[PDB]
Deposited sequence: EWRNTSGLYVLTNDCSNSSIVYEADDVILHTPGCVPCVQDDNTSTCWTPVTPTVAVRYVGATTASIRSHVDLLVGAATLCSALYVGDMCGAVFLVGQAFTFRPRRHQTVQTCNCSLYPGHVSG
């Protein structure tokens, strides 16, 4: 729910190392309260959440892999709200 930067706790939607229960090479499972963000090489992005417990990279949900669990990632806290 929060991350550490320059000696200052700051709110975020990135998952901590302890907030993820299981992760696969195309699916992450996590406790509700955050959203997965992953960096592979000079490229970090968000993961699409559906039924917030489980998140997908692209919408293709239907062999664990440790995908770097990184938190230098902004999205989902500014919705970019489409007109409801």
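A.B. asks: Just jot down which stretches of the deposited chain sequence have no CA coordinates, in the order they come.
C.D. replies: That part of the chain that was deposited but carries no coordinates is 63-101, and nothing else.
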